[PDB]
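Working notes for the structure below.
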Amino acid sequence: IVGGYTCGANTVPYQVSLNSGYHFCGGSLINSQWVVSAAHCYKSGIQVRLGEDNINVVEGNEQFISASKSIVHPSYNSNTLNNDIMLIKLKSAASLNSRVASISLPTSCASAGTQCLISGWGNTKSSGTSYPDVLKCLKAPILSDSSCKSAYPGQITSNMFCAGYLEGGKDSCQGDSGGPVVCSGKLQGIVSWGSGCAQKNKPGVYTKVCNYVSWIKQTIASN
Ligand SMILES: [Ca+2]
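In terms of the deposited numbering, the sequence shown is residues 16 to 34, 37 to 67, 69 to 125, 127 to 130, 132 to 184, 184A, 185 to 188, 188A, 189 to 204, 209 to 217, 219 to 221, 221A, 222 to 245.
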């Protein structure tokens, strides 16, 4: 997250870190057994880390649970990042408590102009590289579809939305991929892509989670 703030330990209790020997993407806990992340975060050998604040210090509220199964969307296209969504099943259920909690899936799509909370352990520099240890947060508004298509001509599908600041300076970035965009208390987005981070006229692009709730529900009913 570039231009954000330190969230405060365990104040984003649905945020997970995906670990393959190191943090490499975020995700969102949607019930005791399942995590939503980006398909472009797929790796074999994922351990889900819940209850994290500092990813490099065991502070006492973590749960580390191996994935048993990962399920990339059936129509994910890694060239265009259309349908950039994945489900990860945990080998055992998380113990839900004040610091490890699920985020609700949406019923309706979020409105343009809504301010959402984006969070992660990704890079905090627009130019250059600095990865934080503690969870960072950013409040960013959903942009109109037409502003998002103007920013990325021929690349935005109806399964993507933009959010952020066209003047630059505030954005998600590498290493935040897969993490949450929460708007009015629902998971509405997944950190997906963008041209650089926090660059003028190049806002972040997010997977539009409300288009996938029927897939998520039938998949979790079946696995
Ligand atoms: Ca920790």
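We treat Cβ as the ideally placed atom computed from N, Cα and C, and that holds for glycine.
- ligand 1 heavy atom lying under 7 Å from the CB of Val154: no
- Task: Return the first residue and the last residue of the alpha helix (DSSP H) that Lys169 is part of.
- Result: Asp165 to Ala171
- Message: Quick check on the burial criterion: 16 or more other C-beta atoms within 10 angstroms. Buried or exposed for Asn115?
- Response: exposed
- Message: Please classify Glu70 as buried or exposed, where buried requires at least 16 neighbouring CB atoms within 10 angstroms.
- Response: buried
- Item | Per-residue burial, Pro92 [other beta carbons within 10 Å of its own, 16 or more giving buried] | exposed
- Backbone CA spacing between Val235 and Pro124 [nearest angstrom]: 7 Å
- Message: Counting C-beta neighbours from all protein chains within 10 Å, is the total for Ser88 16 or more, i.e. buried, or is it exposed?
- Response: buried
- Query: Measuring from the CB of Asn72, is there a heavy atom of ligand 1 at a distance below 7 Å?
  - Reply: yes
- Would you call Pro173 buried or exposed, if buried means 16 or more other Cβ atoms sit within 10 Å of its Cβ? exposed
- Endpoints, beta strand (DSSP E) assigned at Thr229: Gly226 to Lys230
- Query: Cβ of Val76 within 7 Å of any heavy atom in ligand 1?
  - Reply: yes
- Looking only at its own chain, which residues have a Cβ that is under 7 Å from the Cβ of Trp215, when we skip the five neighbours before and after it? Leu99 and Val227
- Query: Taking the alpha-carbon positions, what's the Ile103 to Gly38 distance?
  - Reply: 22 Å
- Item | Rounded straight-line distance, which links the Cα of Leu67 to that of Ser139 | 14 Å
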